[PDB]
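First the structure, in the form of structure tokens, and then the observations on it.
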There are 2 protein chains.
Amino acid sequence: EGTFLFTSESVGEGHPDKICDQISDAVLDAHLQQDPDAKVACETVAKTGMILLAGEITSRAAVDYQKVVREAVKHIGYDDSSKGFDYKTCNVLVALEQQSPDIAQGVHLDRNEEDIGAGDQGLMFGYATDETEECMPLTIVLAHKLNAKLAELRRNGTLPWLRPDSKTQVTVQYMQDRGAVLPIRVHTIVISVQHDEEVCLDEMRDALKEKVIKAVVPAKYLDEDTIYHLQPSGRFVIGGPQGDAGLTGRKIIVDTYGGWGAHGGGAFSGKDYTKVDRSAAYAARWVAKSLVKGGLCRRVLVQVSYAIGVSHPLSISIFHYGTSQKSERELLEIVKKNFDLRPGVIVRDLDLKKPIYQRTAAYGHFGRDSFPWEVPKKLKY
Amino acid sequence: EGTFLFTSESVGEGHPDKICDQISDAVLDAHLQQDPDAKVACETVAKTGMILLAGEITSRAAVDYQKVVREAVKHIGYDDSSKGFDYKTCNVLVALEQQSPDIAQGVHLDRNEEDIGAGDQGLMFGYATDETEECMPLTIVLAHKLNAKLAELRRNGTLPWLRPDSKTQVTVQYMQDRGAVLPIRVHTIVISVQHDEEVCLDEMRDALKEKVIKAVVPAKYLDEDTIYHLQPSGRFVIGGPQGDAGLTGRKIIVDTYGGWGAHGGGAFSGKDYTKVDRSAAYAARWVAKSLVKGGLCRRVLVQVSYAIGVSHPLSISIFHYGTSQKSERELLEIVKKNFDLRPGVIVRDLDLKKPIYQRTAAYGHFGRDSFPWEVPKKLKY
Ligand SMILES: O=c1c(-c2ccc(O)cc2)c(Nc2cc[nH]n2)[nH]c2c(-c3ccccc3)c(-c3ccccc3)nn12
Ligand SMILES: O=c1c(-c2ccc(O)cc2)c(Nc2cc[nH]n2)[nH]c2c(-c3ccccc3)c(-c3ccccc3)nn12
Ligand SMILES: C[S@@+](CC[C@H](N)C(=O)[O-])C[C@H]1O[C@@H](n2cnc3c(N)ncnc32)[C@H](O)[C@@H]1O
Ligand SMILES: C[S@@+](CC[C@H](N)C(=O)[O-])C[C@H]1O[C@@H](n2cnc3c(N)ncnc32)[C@H](O)[C@@H]1O
Ligand SMILES: [Cl-]
Ligand SMILES: [Cl-]
Ligand SMILES: [Cl-]
Ligand SMILES: [Cl-]
């Protein structure tokens with residue numbers, strides 16, 4: 001009574017959708033290194049032997065797409081045909097055009113930077129929860145860390161049968177606590193990871209429990225009833241793009257809160273700051289985290305929305321789940337007094353011309369590494 | 001006090017992401033017409049002059065991809081270079097392989113149909129709300145209907161300057177009502193739609209208000225304070241894939257609840273029933289709607305999750321927002337007694353081998369047309 005199960009998932013750096021996100025952001029970063037005002041909307045598609053870039057870029061930079069793509073794939077670890085994909089020998093195809101002049105004229109041409117219009121319509125949410133220090137749901141934090149642990153043990157050679165494509169999933173039993181949530185125990189863990197042709201299933205399952213799960217999940221959350229689904233498909237030799245096509249922006253829930261809070265549908269990777277799908281979601285996270293770390297609430301969800309060409313949000317809304325003594329109306333006044341959610345101001349507050357985006361594109365965009373949107377603003381009220 | 005704004009969006013049939021969803025489901029349907037057991041994972045990518053199919057299909061069908069793709073684009077309305085895209089003359093590229101044998105062996109080979117494994121891990125949600133008869137949020141219903149109205153007036157020739165690519169966005173002021181939500185008024189509407197080179201902005205804005213909004217949104221929701229952003233970019237002649245690359249599965253929030261409820265991240269289009277991203281989300285909608293139409297709650301969210309190769313969900317969870325006299329524990333017992341959420345049973349209950357998927361791929365998968373997942377189950381308890 002008062003408890004429920006909740007599940008979130010994450011994926012590894014070599015998951016084919018995440019490959020695409022990382023490549024899209026490597027392209028963005030390459031442009032921004034040379035032209036901080038590049039307009040970038042770079043989608044990546046991955047299938048056996050192929051990376052395709054499709055989208056719209058207007059930029060003063062001279063970018064070697066072959067090098068940028070191949071270096072990103074090398075970093076992920078796909079470096080041999082035996083692994084199913086090789087940065088040295090794959091096809092890299094480019095279908096990139098300039099940004100539509102109709103978009104450019106309606107969004108940013110002949111506009112003062114602070115008054116640039118949103119690059120599109122849409123809705124975006126930010127969320128924070130006091131259940132972890134980093135203000136993220138435990139389900140998603142643990143799922144990300146399990147993938148990171150796999151990559152670590154692959155790269156350090158202790159589990160050399162590992163390959164880069166992985167997925168994880170964590171189910172936690174939660175208790176209610178005055179509108180907030182408290183994690184009690186881990187009910188179920190799934191891990192699936194691509195592997196070489198030589199290792200056997202029992203060796204993999206033993207390693208995944210002892211060297212991955214136990215190295216990540218605190219023992220206080222694990223008990224004799226916890227259910228483990230380790231390599232549940234039985235065989236995962238074919239992987240990466242060869243096993244499953246990847247596309248940019250197909251892991252938007254992994255990128256955010258693991259299903260908690262809410263999501264407006266927009267993808268992050270491959271987009272410069274004028275695309276509010278990214279910048280306003282980052283700003284909304286920053287607002288939410290600022291409210292929780294400032295002691296105003298324990299758990300909070302912020303919605304913003306925009307119209308293409310219009311700088312100020314059309315709507316700003318807040319829900320605190322009953323975890324503040326202040327009304328949501330009062331919290332909204334505090335937010336309005338402390339934040340300016342025009343994209344041309346967000347860019348300054350969060351330093352969004354800086355080429356740090358490839359680092360955001362695996363293991364979630366939130367709750368990690370003290371990115372600007374993770375540093376709470378001191379609120380005046 | 002007790003009120004908040006909430007925004008949802010929708011897109012039209014010629015929006016480039018939605019083009020991709022529709023093509024992916026046209027391909028699925030073509031396979032299912034000949035082989036009800038086809039294994040389909042068809043991604044579509046669209047950019048100027050190009051439809052690319054990428055993914056994995058194992059099927060006994062003989063499908064003419066050129067015809068299927070081009071007929072889908074014709075139906076949407078892209079039939080001339082003057083509109084930016086033409087089904088008769090575009091490039092159709094195919095990068096389709098068989099389903100991975102490692103997946104096939106772990107999911108469905110040599111398994112009894114009812115006991116087939118989930119085609120992947122993941123989490124899925126179903127939602128229902130009593131605020132409309134179709135048990136959907138008003139924000140998303142209105143946003144979809146505005147796009148449908150644009151397509152209607154394009155196809156009937158009364159606004160012949162319209163083209164197929166459109167987006168809409170609706171902000172509603174809601175009041176709290178004992179855990180449920182009540183819509184009060186429409187605060188803001190956005191409409192952006194591709195148009196010919198001859199029509200002027202004032203003609204478009206007048207038509208969008210008088211012939212689109214007033215034909216869709218009840219006057220009781222509109223007042224002298226409602227804000228209208230009609231063609232806010234000022235010019236939208238370039239559109240469709242030429243204006244913005246499209247990909248399958250990039251409108252997952254438009255496809256579902258417009259940001260309400262929750263989303264697990266999986267895309268629907270291009271996937272047969274063994275992909276629980278689709279089948280289990282449909283079943284979860286069916287459960288949620290059955291609970292509301294059965295009088296057990298006014299508003300409800302259901303989560304399910306799976307592991308690849310495992311037939312039964314790993315977790316089932318329910319949240320009723322305080323809108324039931326029964327506890328969520330009791331509702332879960334009712335759900336367990338009345339539903340079987342194995343994919344190999346869902347397929348029978350919801351008739352998921354039937355080639356009806358292209359019809360789901362615009363205007364949302366839920367709340368429309370009495371699809372099987374929209375017909376409530378009579379609950380025994
Ligand atoms: O706040 C809550 C509470 C809650 C928290 C503290 C309190 O004092 C009172 C109630 C809650 N309580 C219970 C109890 C039995 N079942 N549920 N369940 C949930 C869910 C959720 C759960 C199961 C499936 C689906 C969504 C969510 C959510 C999660 C993700 C996205 C959107 C909503 N929030 N939430
Ligand atoms: O249930 C509620 C209630 C509520 C309903 C009936 C009651 O008797 C008591 C409370 C509520 N109340 C208020 C009041 C002032 N602000 N909020 N606000 C919300 C939101 C939401 C709102 C603004 C931004 C973001 C999310 C949501 C939601 C919507 C989509 C996804 C997830 C959660 N639910 N919700
Ligand atoms: C299961 S595949 C999706 C379904 C697939 N498109 C098909 O044709 O059936 C989704 C993800 O699961 C992982 N995956 C691929 N092959 C797998 C296998 N043999 N066992 C487990 N997971 C696998 C990869 O991370 C892949 O991107
Ligand atoms: C604004 S575009 C996204 C940003 C774009 N990729 C870029 O290069 O800036 C997203 C969607 O908005 C719509 N759109 C395209 N051109 C537009 C215009 N000139 N005015 C308004 N909306 C437009 C189309 O539905 C398109 O798919
Ligand atoms: Cl996936
Ligand atoms: Cl191998
Ligand atoms: Cl879009
Ligand atoms: Cl024209």
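To be explicit about the labels: the chains of the structure tokens are called A, B, and onward in the order shown, and within each one the residues are counted from 1, while ligands get numbers from 1 in the order they are shown.
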Can you tell me, as JSON, numbers by chain, what residues are no more than 10 Å from residue B:60 when counting only C-alpha atoms, ignoring any on the same chain fewer than 5 positions away? {"B": [31, 32, 34, 35, 36, 37, 38, 39]}
Compute the set of chain A residues within 6 Å of chain B, using only C-alpha atoms, and express it as a list in words.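 The selection requested is residues 5, 55, 100, 102, 106, 232, 233, 234, 235, 236, 243, 245, 253, 259, 263, 264, 265, 308, 309 and 317 of chain A.
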Atoms to include: N, CA and C atoms. Write the selected residues as a short mmCIF file (atom, residue, chain, number, x, y, z; two decimals), in the first residue's frame.
data_model
loop_
_atom_site.label_atom_id
_atom_site.label_comp_id
_atom_site.auth_asym_id
_atom_site.auth_seq_id
_atom_site.Cartn_x
_atom_site.Cartn_y
_atom_site.Cartn_z
N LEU A 5 5.66 -0.09 -8.72
CA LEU A 5 6.83 -0.36 -9.52
C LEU A 5 6.93 0.66 -10.64
N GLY A 55 19.68 16.61 -43.69
CA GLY A 55 19.23 17.77 -42.95
C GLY A 55 19.76 19.05 -43.54
N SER A 100 16.42 26.19 -44.90
CA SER A 100 15.39 26.84 -45.69
C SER A 100 15.47 28.36 -45.53
N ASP A 102 13.08 30.38 -46.01
CA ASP A 102 11.82 30.78 -45.41
C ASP A 102 11.89 30.67 -43.90
N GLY A 106 12.15 33.94 -41.08
CA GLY A 106 11.14 34.03 -40.04
C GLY A 106 11.67 33.88 -38.63
N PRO A 232 18.81 -12.02 -22.15
CA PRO A 232 17.57 -12.81 -22.26
C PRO A 232 17.27 -13.31 -23.66
N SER A 233 17.82 -12.70 -24.71
CA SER A 233 17.59 -13.23 -26.05
C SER A 233 18.40 -14.49 -26.32
N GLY A 234 19.41 -14.78 -25.52
CA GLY A 234 20.22 -15.96 -25.70
C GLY A 234 21.41 -15.78 -26.61
N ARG A 235 21.38 -14.85 -27.54
CA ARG A 235 22.47 -14.66 -28.50
C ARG A 235 22.35 -13.27 -29.08
N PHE A 236 23.44 -12.52 -29.04
CA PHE A 236 23.51 -11.13 -29.50
C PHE A 236 24.90 -10.92 -30.09
N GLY A 243 22.41 -5.04 -36.79
CA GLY A 243 21.27 -5.70 -36.17
C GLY A 243 19.98 -4.92 -36.20
N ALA A 245 18.43 -0.81 -37.56
CA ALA A 245 18.68 0.55 -38.02
C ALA A 245 18.61 1.54 -36.88
N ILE A 253 13.43 9.56 -24.51
CA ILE A 253 13.09 9.28 -23.12
C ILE A 253 14.34 8.84 -22.35
N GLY A 259 11.08 8.36 -18.47
CA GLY A 259 9.66 8.24 -18.40
C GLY A 259 9.01 9.05 -17.32
N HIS A 263 7.38 14.66 -21.47
CA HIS A 263 8.21 14.96 -22.64
C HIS A 263 7.32 15.57 -23.72
N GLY A 264 7.85 16.58 -24.41
CA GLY A 264 7.12 17.26 -25.47
C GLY A 264 7.35 16.72 -26.85
N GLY A 265 8.26 15.77 -27.02
CA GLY A 265 8.44 15.06 -28.28
C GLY A 265 9.67 15.44 -29.07
N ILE A 308 7.04 29.22 -33.82
CA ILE A 308 8.15 29.60 -34.70
C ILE A 308 8.12 31.10 -34.95
N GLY A 309 9.29 31.75 -34.84
CA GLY A 309 9.42 33.16 -35.10
C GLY A 309 9.14 34.06 -33.93
N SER A 317 4.21 26.82 -17.42
CA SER A 317 3.35 26.14 -16.47
C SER A 317 4.20 25.31 -15.53
#
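We find atom 7 (C, counted along the ligand's line) of ligand 4 and atom CA of residue A:94 to be spaced 16.5 Å apart.
In this structure, atom 24 (C, counted along the ligand's line) of ligand 3 sits 7.7 Å away from atom CA of residue A:193.
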Excluding residue B:256 and its own-chain neighbours fewer than 5 positions away, which residues fall within 7 Å of it when counting only C-alpha atoms? Please give them as a short mmCIF file (atom, residue, chain, number, x, y, z; two decimals) with C-alpha atoms, in the first residue's frame.
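Resulting contents of selection01.cif:
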data_model
loop_
_atom_site.label_atom_id
_atom_site.label_comp_id
_atom_site.auth_asym_id
_atom_site.auth_seq_id
_atom_site.Cartn_x
_atom_site.Cartn_y
_atom_site.Cartn_z
CA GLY B 364 -2.83 10.19 -33.52
CA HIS B 365 -3.13 6.48 -32.85
CA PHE B 366 -5.64 6.92 -30.02
#
Tell me, in Å to one decimal, how far atom CA of residue B:197 is from atom CA of residue B:16.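 It comes out at 19.9 Å.
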Return as a PyMOL selection string the residues of protein, DNA or RNA that approach ligand 6 to within 10 Å, with only C-alpha atoms and all ligand atoms taken into account. chain A and resi 81-84+161-163+194-199+236-238
Pull the alpha helix (DSSP H) assignments for stretch 144-350 of chain A out of DSSP run on the backbone, and list those residues as a ChimeraX atom specification. /A:144-155,201-207,214-216,276-293,328-338,343-350
I need the residues of stretch 45-163 of chain B that end up classed as strand (DSSP E) by DSSP on the backbone, written out as an MDAnalysis selection string. chainID B and resid 45:47 50:58 79:80 85:86 91:97 122:129 162:163
With distances taken over only C-alpha atoms and all ligand atoms, which of B:340, B:206, B:80, B:64 is nearest to ligand 8?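 Ranking B:340, B:206, B:80, B:64 by distance to ligand 8, first place goes to B:80.
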Excluding same-chain residues fewer than 2 positions from stretch 347-357 of chain A, what lies within 6 Å of it counting only C-alpha atoms, as a count of residues only? 10
Which residue is closest to residue A:212? Choose from A:369, A:79, A:152, A:225 and count only C-alpha atoms.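 Nearest candidate to residue A:212 out of A:369, A:79, A:152, A:225: A:152.
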Can you list, as number ranges by chain, every protein, DNA or RNA residue that comes within 10 Å of stretch 282-296 of chain A when you count only C-alpha atoms, leaving out same-chain residues fewer than 4 positions away? A: 124-130, 133-136, 256, 268, 273, 276-278, 300-304, 316, 318, 320, 323-326, 331, 334-335, 338-343, 346-347, 349-350, 352, 365-367, 371-379
For residue B:210, the nearest of the candidates B:182, B:159, B:141, B:26, counting only C-alpha atoms: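 Residue with the minimum atom-to-atom distance to residue B:210: B:159.
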